[PDB]
>>> print(open('upload-v7.cif').read())   # mmCIF, N, CA, C and O atoms
data_protein
#
loop_
_atom_site.label_atom_id
_atom_site.label_comp_id
_atom_site.auth_asym_id
_atom_site.auth_seq_id
_atom_site.Cartn_x
_atom_site.Cartn_y
_atom_site.Cartn_z
N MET L 1 65.54 46.21 -49.14
CA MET L 1 65.27 44.86 -48.61
C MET L 1 64.17 44.95 -47.54
O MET L 1 64.37 45.57 -46.49
N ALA L 2 63.00 44.36 -47.83
CA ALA L 2 61.82 44.38 -46.94
C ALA L 2 61.12 43.01 -46.94
O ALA L 2 61.34 42.19 -47.84
N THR L 3 60.28 42.78 -45.91
CA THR L 3 59.50 41.54 -45.77
C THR L 3 58.04 41.79 -46.23
O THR L 3 57.28 42.47 -45.52
N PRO L 4 57.62 41.29 -47.44
CA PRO L 4 56.28 41.56 -48.00
C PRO L 4 55.18 40.66 -47.40
O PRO L 4 55.44 39.87 -46.47
N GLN L 5 53.96 40.81 -47.93
CA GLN L 5 52.83 39.92 -47.63
C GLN L 5 53.11 38.48 -48.13
O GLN L 5 53.95 38.27 -49.02
N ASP L 6 52.38 37.52 -47.55
CA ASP L 6 52.52 36.08 -47.85
C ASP L 6 52.22 35.78 -49.34
O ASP L 6 51.36 36.43 -49.94
N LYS L 7 52.94 34.80 -49.92
CA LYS L 7 52.82 34.43 -51.35
C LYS L 7 51.40 33.93 -51.70
O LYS L 7 50.83 34.31 -52.73
N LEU L 8 50.82 33.11 -50.80
CA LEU L 8 49.50 32.48 -51.01
C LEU L 8 48.37 33.38 -50.47
O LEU L 8 47.31 32.86 -50.08
N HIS L 9 48.58 34.72 -50.45
CA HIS L 9 47.53 35.69 -50.05
C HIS L 9 46.36 35.64 -51.06
O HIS L 9 46.41 36.24 -52.14
N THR L 10 45.33 34.84 -50.72
CA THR L 10 44.13 34.65 -51.55
C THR L 10 43.29 35.94 -51.58
O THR L 10 43.31 36.72 -50.62
N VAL L 11 42.54 36.15 -52.67
CA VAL L 11 41.89 37.45 -52.93
C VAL L 11 40.43 37.38 -52.46
O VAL L 11 39.59 36.71 -53.06
N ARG L 12 40.17 38.04 -51.33
CA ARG L 12 38.83 38.17 -50.75
C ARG L 12 38.14 39.42 -51.36
O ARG L 12 38.63 40.54 -51.19
N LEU L 13 37.03 39.21 -52.08
CA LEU L 13 36.33 40.27 -52.84
C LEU L 13 34.86 40.33 -52.34
O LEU L 13 34.26 39.30 -52.02
N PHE L 14 34.30 41.55 -52.27
CA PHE L 14 32.96 41.82 -51.69
C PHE L 14 32.06 42.49 -52.76
O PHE L 14 32.54 43.33 -53.53
N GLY L 15 30.77 42.13 -52.79
CA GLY L 15 29.80 42.73 -53.72
C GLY L 15 28.42 42.10 -53.58
O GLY L 15 28.13 41.46 -52.56
N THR L 16 27.56 42.27 -54.60
CA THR L 16 26.19 41.71 -54.62
C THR L 16 25.96 40.90 -55.91
O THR L 16 26.48 41.24 -56.97
N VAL L 17 25.17 39.80 -55.81
CA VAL L 17 24.86 38.91 -56.94
C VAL L 17 23.77 39.53 -57.81
O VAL L 17 22.75 39.98 -57.29
N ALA L 18 23.99 39.54 -59.14
CA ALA L 18 23.01 40.02 -60.12
C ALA L 18 22.12 38.87 -60.63
O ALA L 18 22.51 37.70 -60.58
N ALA L 19 20.92 39.24 -61.12
CA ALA L 19 20.02 38.31 -61.84
C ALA L 19 20.46 38.20 -63.30
O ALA L 19 20.36 37.14 -63.92
N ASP L 20 21.01 39.31 -63.81
CA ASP L 20 21.45 39.43 -65.20
C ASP L 20 22.79 38.70 -65.36
O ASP L 20 23.81 39.16 -64.82
N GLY L 21 22.76 37.56 -66.05
CA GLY L 21 23.97 36.77 -66.30
C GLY L 21 24.24 35.72 -65.23
O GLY L 21 25.34 35.14 -65.21
N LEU L 22 23.26 35.46 -64.33
CA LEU L 22 23.38 34.36 -63.34
C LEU L 22 23.20 33.03 -64.10
O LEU L 22 22.08 32.55 -64.32
N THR L 23 24.33 32.49 -64.57
CA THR L 23 24.40 31.32 -65.45
C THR L 23 25.13 30.17 -64.73
O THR L 23 26.32 30.28 -64.45
N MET L 24 24.44 29.05 -64.48
CA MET L 24 25.00 27.92 -63.71
C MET L 24 25.69 26.94 -64.66
O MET L 24 25.45 26.96 -65.88
N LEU L 25 26.56 26.08 -64.10
CA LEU L 25 27.32 25.09 -64.89
C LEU L 25 26.38 24.03 -65.51
O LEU L 25 25.68 23.32 -64.78
N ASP L 26 26.37 23.97 -66.85
CA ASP L 26 25.47 23.09 -67.63
C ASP L 26 25.79 21.61 -67.36
O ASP L 26 26.75 21.05 -67.92
N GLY L 27 25.00 21.00 -66.46
CA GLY L 27 25.15 19.59 -66.10
C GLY L 27 26.31 19.33 -65.14
O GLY L 27 26.81 18.20 -65.06
N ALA L 28 26.72 20.37 -64.39
CA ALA L 28 27.86 20.30 -63.44
C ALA L 28 27.55 21.15 -62.19
O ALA L 28 26.82 22.14 -62.29
N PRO L 29 28.08 20.77 -60.97
CA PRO L 29 27.87 21.56 -59.73
C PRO L 29 28.69 22.87 -59.73
O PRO L 29 29.92 22.85 -59.70
N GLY L 30 27.97 24.01 -59.81
CA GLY L 30 28.59 25.34 -59.71
C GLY L 30 27.77 26.43 -60.38
O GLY L 30 26.72 26.16 -60.99
N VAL L 31 28.27 27.68 -60.31
CA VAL L 31 27.58 28.87 -60.82
C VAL L 31 28.60 29.93 -61.30
O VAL L 31 29.62 30.16 -60.65
N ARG L 32 28.34 30.50 -62.47
CA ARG L 32 28.95 31.75 -62.94
C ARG L 32 27.90 32.87 -62.79
O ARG L 32 26.72 32.67 -63.07
N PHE L 33 28.34 34.04 -62.33
CA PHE L 33 27.48 35.22 -62.14
C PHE L 33 28.36 36.47 -62.21
O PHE L 33 29.58 36.37 -62.10
N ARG L 34 27.75 37.65 -62.38
CA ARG L 34 28.50 38.91 -62.33
C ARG L 34 28.32 39.51 -60.93
O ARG L 34 27.20 39.79 -60.48
N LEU L 35 29.43 39.60 -60.18
CA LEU L 35 29.45 40.26 -58.88
C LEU L 35 29.53 41.77 -59.10
O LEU L 35 30.55 42.30 -59.58
N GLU L 36 28.42 42.45 -58.80
CA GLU L 36 28.31 43.90 -58.92
C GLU L 36 28.99 44.56 -57.71
O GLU L 36 28.54 44.41 -56.57
N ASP L 37 30.13 45.22 -57.99
CA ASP L 37 30.90 45.99 -57.01
C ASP L 37 30.04 47.14 -56.45
O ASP L 37 29.42 47.89 -57.21
N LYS L 38 29.98 47.25 -55.11
CA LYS L 38 29.14 48.25 -54.43
C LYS L 38 29.71 49.67 -54.58
O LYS L 38 28.96 50.66 -54.53
N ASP L 39 31.05 49.77 -54.75
CA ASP L 39 31.74 51.07 -54.95
C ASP L 39 31.35 51.66 -56.32
O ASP L 39 30.96 52.83 -56.43
N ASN L 40 31.46 50.82 -57.35
CA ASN L 40 31.16 51.16 -58.74
C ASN L 40 30.26 50.05 -59.30
O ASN L 40 30.73 48.95 -59.61
N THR L 41 28.96 50.34 -59.41
CA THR L 41 27.92 49.36 -59.78
C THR L 41 27.92 49.02 -61.29
O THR L 41 27.06 48.26 -61.76
N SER L 42 28.89 49.58 -62.05
CA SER L 42 29.10 49.23 -63.47
C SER L 42 30.31 48.28 -63.60
O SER L 42 30.50 47.64 -64.64
N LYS L 43 31.12 48.21 -62.52
CA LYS L 43 32.21 47.22 -62.38
C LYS L 43 31.59 45.86 -62.01
O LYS L 43 31.39 45.54 -60.83
N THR L 44 31.20 45.11 -63.04
CA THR L 44 30.58 43.79 -62.89
C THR L 44 31.58 42.70 -63.32
O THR L 44 31.88 42.54 -64.51
N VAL L 45 32.10 41.96 -62.33
CA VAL L 45 33.18 40.97 -62.53
C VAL L 45 32.56 39.57 -62.58
O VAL L 45 31.80 39.21 -61.68
N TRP L 46 32.90 38.78 -63.61
CA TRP L 46 32.28 37.46 -63.82
C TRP L 46 32.96 36.43 -62.92
O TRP L 46 34.03 35.95 -63.22
N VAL L 47 32.33 36.15 -61.79
CA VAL L 47 32.84 35.21 -60.80
C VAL L 47 32.34 33.80 -61.11
O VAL L 47 31.14 33.59 -61.34
N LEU L 48 33.27 32.85 -61.11
CA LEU L 48 33.00 31.44 -61.35
C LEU L 48 33.35 30.64 -60.07
O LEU L 48 34.51 30.58 -59.66
N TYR L 49 32.31 30.07 -59.47
CA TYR L 49 32.39 29.23 -58.27
C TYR L 49 32.00 27.79 -58.67
O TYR L 49 30.98 27.59 -59.32
N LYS L 50 32.84 26.81 -58.32
CA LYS L 50 32.53 25.37 -58.52
C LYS L 50 32.22 24.72 -57.16
O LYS L 50 32.76 25.14 -56.13
N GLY L 51 31.34 23.72 -57.18
CA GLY L 51 30.92 22.99 -55.97
C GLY L 51 29.46 23.23 -55.65
O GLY L 51 28.72 23.78 -56.48
N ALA L 52 29.05 22.82 -54.44
CA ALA L 52 27.67 22.99 -53.96
C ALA L 52 27.35 24.48 -53.74
O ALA L 52 27.93 25.13 -52.86
N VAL L 53 26.45 25.00 -54.58
CA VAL L 53 25.97 26.39 -54.51
C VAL L 53 24.80 26.45 -53.52
O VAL L 53 23.77 25.82 -53.77
N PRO L 54 24.93 27.22 -52.38
CA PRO L 54 23.91 27.22 -51.30
C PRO L 54 22.51 27.68 -51.78
O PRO L 54 22.40 28.45 -52.73
N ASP L 55 21.46 27.17 -51.10
CA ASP L 55 20.05 27.55 -51.37
C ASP L 55 19.81 29.04 -51.02
O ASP L 55 18.91 29.69 -51.56
N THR L 56 20.66 29.53 -50.10
CA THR L 56 20.68 30.92 -49.64
C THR L 56 21.23 31.88 -50.73
O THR L 56 20.94 33.08 -50.72
N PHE L 57 22.03 31.32 -51.67
CA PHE L 57 22.55 32.06 -52.84
C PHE L 57 21.39 32.38 -53.79
O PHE L 57 20.84 31.49 -54.43
N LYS L 58 21.00 33.65 -53.80
CA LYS L 58 19.92 34.17 -54.66
C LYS L 58 20.39 35.47 -55.35
O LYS L 58 21.30 36.15 -54.83
N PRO L 59 19.80 35.85 -56.53
CA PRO L 59 20.09 37.16 -57.18
C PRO L 59 19.52 38.34 -56.35
O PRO L 59 18.30 38.51 -56.24
N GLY L 60 20.43 39.12 -55.76
CA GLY L 60 20.07 40.22 -54.86
C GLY L 60 20.69 40.06 -53.48
O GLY L 60 20.66 41.00 -52.67
N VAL L 61 21.24 38.87 -53.20
CA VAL L 61 21.97 38.57 -51.96
C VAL L 61 23.41 39.10 -52.07
O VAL L 61 24.12 38.78 -53.04
N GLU L 62 23.79 39.94 -51.11
CA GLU L 62 25.16 40.45 -50.98
C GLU L 62 26.07 39.30 -50.50
O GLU L 62 25.82 38.71 -49.44
N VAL L 63 27.07 38.94 -51.32
CA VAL L 63 27.97 37.80 -51.04
C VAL L 63 29.44 38.24 -50.94
O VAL L 63 29.85 39.27 -51.51
N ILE L 64 30.21 37.45 -50.19
CA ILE L 64 31.65 37.57 -50.05
C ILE L 64 32.27 36.34 -50.72
O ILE L 64 32.05 35.21 -50.28
N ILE L 65 33.02 36.56 -51.80
CA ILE L 65 33.73 35.49 -52.51
C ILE L 65 35.22 35.52 -52.11
O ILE L 65 35.70 36.52 -51.57
N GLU L 66 35.93 34.43 -52.38
CA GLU L 66 37.38 34.35 -52.18
C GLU L 66 37.98 33.40 -53.22
O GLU L 66 37.47 32.29 -53.42
N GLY L 67 39.06 33.84 -53.86
CA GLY L 67 39.73 33.08 -54.91
C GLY L 67 40.78 33.93 -55.59
O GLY L 67 41.73 34.36 -54.93
N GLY L 68 40.62 34.20 -56.89
CA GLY L 68 41.49 35.14 -57.59
C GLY L 68 41.13 35.28 -59.06
O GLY L 68 40.67 34.32 -59.69
N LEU L 69 41.32 36.49 -59.61
CA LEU L 69 41.20 36.77 -61.05
C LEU L 69 42.60 36.64 -61.67
O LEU L 69 43.51 37.41 -61.34
N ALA L 70 42.76 35.64 -62.55
CA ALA L 70 44.06 35.31 -63.16
C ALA L 70 44.33 36.24 -64.36
O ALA L 70 43.40 36.49 -65.15
N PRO L 71 45.58 36.83 -64.49
CA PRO L 71 45.99 37.58 -65.70
C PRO L 71 45.89 36.71 -66.98
O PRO L 71 46.71 35.80 -67.20
N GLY L 72 44.85 36.97 -67.79
CA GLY L 72 44.57 36.20 -69.01
C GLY L 72 43.17 35.58 -68.97
O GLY L 72 42.54 35.38 -70.02
N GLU L 73 42.71 35.27 -67.75
CA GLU L 73 41.36 34.73 -67.50
C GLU L 73 40.37 35.88 -67.22
O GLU L 73 40.66 36.78 -66.43
N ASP L 74 39.19 35.84 -67.89
CA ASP L 74 38.14 36.87 -67.74
C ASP L 74 37.18 36.57 -66.57
O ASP L 74 36.30 37.39 -66.27
N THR L 75 37.32 35.40 -65.90
CA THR L 75 36.49 35.04 -64.74
C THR L 75 37.32 34.94 -63.44
O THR L 75 38.44 34.41 -63.44
N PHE L 76 36.75 35.49 -62.34
CA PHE L 76 37.33 35.40 -61.00
C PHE L 76 37.02 34.00 -60.45
O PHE L 76 35.86 33.70 -60.16
N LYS L 77 38.05 33.17 -60.29
CA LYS L 77 37.88 31.78 -59.86
C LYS L 77 37.74 31.74 -58.33
O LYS L 77 38.75 31.74 -57.61
N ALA L 78 36.49 31.77 -57.85
CA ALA L 78 36.16 31.75 -56.42
C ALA L 78 36.21 30.31 -55.88
O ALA L 78 35.35 29.49 -56.22
N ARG L 79 37.25 30.01 -55.08
CA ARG L 79 37.43 28.69 -54.43
C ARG L 79 36.48 28.52 -53.22
O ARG L 79 36.22 27.40 -52.78
N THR L 80 35.98 29.65 -52.69
CA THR L 80 34.96 29.68 -51.62
C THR L 80 33.91 30.78 -51.91
O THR L 80 34.19 31.75 -52.64
N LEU L 81 32.72 30.61 -51.32
CA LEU L 81 31.56 31.51 -51.48
C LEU L 81 30.89 31.69 -50.10
O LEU L 81 30.83 30.74 -49.32
N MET L 82 30.43 32.91 -49.79
CA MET L 82 29.73 33.22 -48.52
C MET L 82 28.51 34.10 -48.81
O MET L 82 28.66 35.20 -49.31
N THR L 83 27.32 33.61 -48.48
CA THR L 83 26.06 34.35 -48.63
C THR L 83 25.61 34.94 -47.27
O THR L 83 25.84 34.31 -46.23
N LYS L 84 24.99 36.13 -47.29
CA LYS L 84 24.56 36.83 -46.05
C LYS L 84 23.05 36.64 -45.81
O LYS L 84 22.65 36.20 -44.73
N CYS L 85 22.21 36.97 -46.81
CA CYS L 85 20.74 36.80 -46.71
C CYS L 85 20.33 35.34 -47.02
O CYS L 85 20.69 34.81 -48.07
N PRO L 86 19.59 34.65 -46.08
CA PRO L 86 19.03 33.31 -46.32
C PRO L 86 17.75 33.35 -47.21
O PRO L 86 17.54 34.31 -47.96
N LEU L 87 16.93 32.28 -47.13
CA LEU L 87 15.70 32.15 -47.94
C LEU L 87 14.60 33.08 -47.38
O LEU L 87 13.75 32.66 -46.59
N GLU L 88 14.68 34.37 -47.75
CA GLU L 88 13.73 35.42 -47.35
C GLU L 88 13.32 36.23 -48.61
O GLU L 88 12.20 36.04 -49.12
#
>>> encode(input="upload-v7.cif", output="structure tokens")
Amino acid sequence: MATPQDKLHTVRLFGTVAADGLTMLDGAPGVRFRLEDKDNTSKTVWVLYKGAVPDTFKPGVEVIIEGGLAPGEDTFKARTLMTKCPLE
């Protein structure tokens, strides 16, 4: 009998945005892209973010996403997005 982590512990994931497969929602606000894991750069997870995608969001910008990869779903549903490098 122990006290575990909170049930609604959302999944904060870290990596960099690729140019390869940076595919936005066709006629809808959002973006699908492969987040290249910095530990293993062949571990490319297809992150799907809905809503206003920042101008600072570019292919090559290291981003912090938050959401979750559902058992059965092939895309990580990011409910929030955080970009580090601005328009440079």
>>> closest_residue(input="upload-v7.cif", among="L:44, L:14, L:66, L:52", to="residue 30 (chain L)", atoms="only N, CA, C and O atoms")
L:52
>>> closest_residue(input="upload-v7.cif", among="L:53, L:48, L:1, L:61", to="residue 76 (chain L)", atoms="all atoms listed in the file")
L:48
>>> closest_residue(input="upload-v7.cif", among="L:42, L:9, L:51, L:57", to="residue 28 (chain L)", atoms="only C-alpha atoms")
L:51
>>> closest_residue(input="upload-v7.cif", among="L:11, L:47, L:64, L:2", to="residue 24 (chain L)", atoms="only C-alpha atoms")
L:47
>>> select_by_dssp(input="upload-v7.cif", residues="chain L", states="strand (DSSP E)", output="short mmCIF file (atom, residue, chain, number, x, y, z; two decimals) with N, CA, C and O atoms, in the coordinates of the input")
data_model
loop_
_atom_site.label_atom_id
_atom_site.label_comp_id
_atom_site.auth_asym_id
_atom_site.auth_seq_id
_atom_site.Cartn_x
_atom_site.Cartn_y
_atom_site.Cartn_z
N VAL L 11 42.54 36.15 -52.67
CA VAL L 11 41.89 37.45 -52.93
C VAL L 11 40.43 37.38 -52.46
O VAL L 11 39.59 36.71 -53.06
N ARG L 12 40.17 38.04 -51.33
CA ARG L 12 38.83 38.17 -50.75
C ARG L 12 38.14 39.42 -51.36
O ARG L 12 38.63 40.54 -51.19
N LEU L 13 37.03 39.21 -52.08
CA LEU L 13 36.33 40.27 -52.84
C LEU L 13 34.86 40.33 -52.34
O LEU L 13 34.26 39.30 -52.02
N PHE L 14 34.30 41.55 -52.27
CA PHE L 14 32.96 41.82 -51.69
C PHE L 14 32.06 42.49 -52.76
O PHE L 14 32.54 43.33 -53.53
N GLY L 15 30.77 42.13 -52.79
CA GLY L 15 29.80 42.73 -53.72
C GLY L 15 28.42 42.10 -53.58
O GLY L 15 28.13 41.46 -52.56
N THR L 16 27.56 42.27 -54.60
CA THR L 16 26.19 41.71 -54.62
C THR L 16 25.96 40.90 -55.91
O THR L 16 26.48 41.24 -56.97
N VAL L 17 25.17 39.80 -55.81
CA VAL L 17 24.86 38.91 -56.94
C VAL L 17 23.77 39.53 -57.81
O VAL L 17 22.75 39.98 -57.29
N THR L 23 24.33 32.49 -64.57
CA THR L 23 24.40 31.32 -65.45
C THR L 23 25.13 30.17 -64.73
O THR L 23 26.32 30.28 -64.45
N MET L 24 24.44 29.05 -64.48
CA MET L 24 25.00 27.92 -63.71
C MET L 24 25.69 26.94 -64.66
O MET L 24 25.45 26.96 -65.88
N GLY L 30 27.97 24.01 -59.81
CA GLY L 30 28.59 25.34 -59.71
C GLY L 30 27.77 26.43 -60.38
O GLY L 30 26.72 26.16 -60.99
N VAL L 31 28.27 27.68 -60.31
CA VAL L 31 27.58 28.87 -60.82
C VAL L 31 28.60 29.93 -61.30
O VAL L 31 29.62 30.16 -60.65
N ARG L 32 28.34 30.50 -62.47
CA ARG L 32 28.95 31.75 -62.94
C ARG L 32 27.90 32.87 -62.79
O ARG L 32 26.72 32.67 -63.07
N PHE L 33 28.34 34.04 -62.33
CA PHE L 33 27.48 35.22 -62.14
C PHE L 33 28.36 36.47 -62.21
O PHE L 33 29.58 36.37 -62.10
N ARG L 34 27.75 37.65 -62.38
CA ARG L 34 28.50 38.91 -62.33
C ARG L 34 28.32 39.51 -60.93
O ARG L 34 27.20 39.79 -60.48
N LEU L 35 29.43 39.60 -60.18
CA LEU L 35 29.45 40.26 -58.88
C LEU L 35 29.53 41.77 -59.10
O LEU L 35 30.55 42.30 -59.58
N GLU L 36 28.42 42.45 -58.80
CA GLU L 36 28.31 43.90 -58.92
C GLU L 36 28.99 44.56 -57.71
O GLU L 36 28.54 44.41 -56.57
N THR L 44 31.20 45.11 -63.04
CA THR L 44 30.58 43.79 -62.89
C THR L 44 31.58 42.70 -63.32
O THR L 44 31.88 42.54 -64.51
N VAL L 45 32.10 41.96 -62.33
CA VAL L 45 33.18 40.97 -62.53
C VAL L 45 32.56 39.57 -62.58
O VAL L 45 31.80 39.21 -61.68
N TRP L 46 32.90 38.78 -63.61
CA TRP L 46 32.28 37.46 -63.82
C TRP L 46 32.96 36.43 -62.92
O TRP L 46 34.03 35.95 -63.22
N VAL L 47 32.33 36.15 -61.79
CA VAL L 47 32.84 35.21 -60.80
C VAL L 47 32.34 33.80 -61.11
O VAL L 47 31.14 33.59 -61.34
N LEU L 48 33.27 32.85 -61.11
CA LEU L 48 33.00 31.44 -61.35
C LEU L 48 33.35 30.64 -60.07
O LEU L 48 34.51 30.58 -59.66
N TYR L 49 32.31 30.07 -59.47
CA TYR L 49 32.39 29.23 -58.27
C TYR L 49 32.00 27.79 -58.67
O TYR L 49 30.98 27.59 -59.32
N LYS L 50 32.84 26.81 -58.32
CA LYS L 50 32.53 25.37 -58.52
C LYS L 50 32.22 24.72 -57.16
O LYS L 50 32.76 25.14 -56.13
N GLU L 62 23.79 39.94 -51.11
CA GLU L 62 25.16 40.45 -50.98
C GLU L 62 26.07 39.30 -50.50
O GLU L 62 25.82 38.71 -49.44
N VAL L 63 27.07 38.94 -51.32
CA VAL L 63 27.97 37.80 -51.04
C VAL L 63 29.44 38.24 -50.94
O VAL L 63 29.85 39.27 -51.51
N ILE L 64 30.21 37.45 -50.19
CA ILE L 64 31.65 37.57 -50.05
C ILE L 64 32.27 36.34 -50.72
O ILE L 64 32.05 35.21 -50.28
N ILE L 65 33.02 36.56 -51.80
CA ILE L 65 33.73 35.49 -52.51
C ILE L 65 35.22 35.52 -52.11
O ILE L 65 35.70 36.52 -51.57
N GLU L 66 35.93 34.43 -52.38
CA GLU L 66 37.38 34.35 -52.18
C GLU L 66 37.98 33.40 -53.22
O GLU L 66 37.47 32.29 -53.42
N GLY L 67 39.06 33.84 -53.86
CA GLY L 67 39.73 33.08 -54.91
C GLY L 67 40.78 33.93 -55.59
O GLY L 67 41.73 34.36 -54.93
N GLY L 68 40.62 34.20 -56.89
CA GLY L 68 41.49 35.14 -57.59
C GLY L 68 41.13 35.28 -59.06
O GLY L 68 40.67 34.32 -59.69
N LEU L 69 41.32 36.49 -59.61
CA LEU L 69 41.20 36.77 -61.05
C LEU L 69 42.60 36.64 -61.67
O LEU L 69 43.51 37.41 -61.34
N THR L 75 37.32 35.40 -65.90
CA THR L 75 36.49 35.04 -64.74
C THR L 75 37.32 34.94 -63.44
O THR L 75 38.44 34.41 -63.44
N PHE L 76 36.75 35.49 -62.34
CA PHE L 76 37.33 35.40 -61.00
C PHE L 76 37.02 34.00 -60.45
O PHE L 76 35.86 33.70 -60.16
N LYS L 77 38.05 33.17 -60.29
CA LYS L 77 37.88 31.78 -59.86
C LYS L 77 37.74 31.74 -58.33
O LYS L 77 38.75 31.74 -57.61
N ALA L 78 36.49 31.77 -57.85
CA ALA L 78 36.16 31.75 -56.42
C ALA L 78 36.21 30.31 -55.88
O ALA L 78 35.35 29.49 -56.22
N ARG L 79 37.25 30.01 -55.08
CA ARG L 79 37.43 28.69 -54.43
C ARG L 79 36.48 28.52 -53.22
O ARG L 79 36.22 27.40 -52.78
N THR L 80 35.98 29.65 -52.69
CA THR L 80 34.96 29.68 -51.62
C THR L 80 33.91 30.78 -51.91
O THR L 80 34.19 31.75 -52.64
N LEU L 81 32.72 30.61 -51.32
CA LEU L 81 31.56 31.51 -51.48
C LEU L 81 30.89 31.69 -50.10
O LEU L 81 30.83 30.74 -49.32
N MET L 82 30.43 32.91 -49.79
CA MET L 82 29.73 33.22 -48.52
C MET L 82 28.51 34.10 -48.81
O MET L 82 28.66 35.20 -49.31
N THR L 83 27.32 33.61 -48.48
CA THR L 83 26.06 34.35 -48.63
C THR L 83 25.61 34.94 -47.27
O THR L 83 25.84 34.31 -46.23
#
>>> closest_residue(input="upload-v7.cif", among="L:19, L:29, L:78, L:60", to="residue 46 (chain L)", atoms="only N, CA, C and O atoms")
L:78
>>> closest_residue(input="upload-v7.cif", among="L:43, L:77, L:16, L:8", to="residue 58 (chain L)", atoms="all atoms listed in the file")
L:16
>>> resolve_selection(input="upload-v7.cif", expression="the PyMOL selection byres ((chain L and resi 85) around 7)", output="PyMOL selection string")
chain L and resi 55-58+61-63+83-84+86-88
>>> atom_distance(input="upload-v7.cif", atom1="CA of residue 54 (chain L)", atom2="CA of residue 39 (chain L)")
25.4 Å
>>> axis_aligned_box(input="upload-v7.cif", around="region 45-57 of chain L", padding_each_side="3 Å", output="AutoDock Vina command-line options")
--center_x 26.7 --center_y 32.4 --center_z -56.7 --size_x 21.6 --size_y 25.1 --size_z 20.2
>>> atom_distance(input="upload-v7.cif", atom1="atom O of residue 32 (chain L)", atom2="CA of residue 80 (chain L)")
14.4 Å
>>> atom_distance(input="upload-v7.cif", atom1="atom O of residue 7 (chain L)", atom2="atom N of residue 81 (chain L)")
18.5 Å
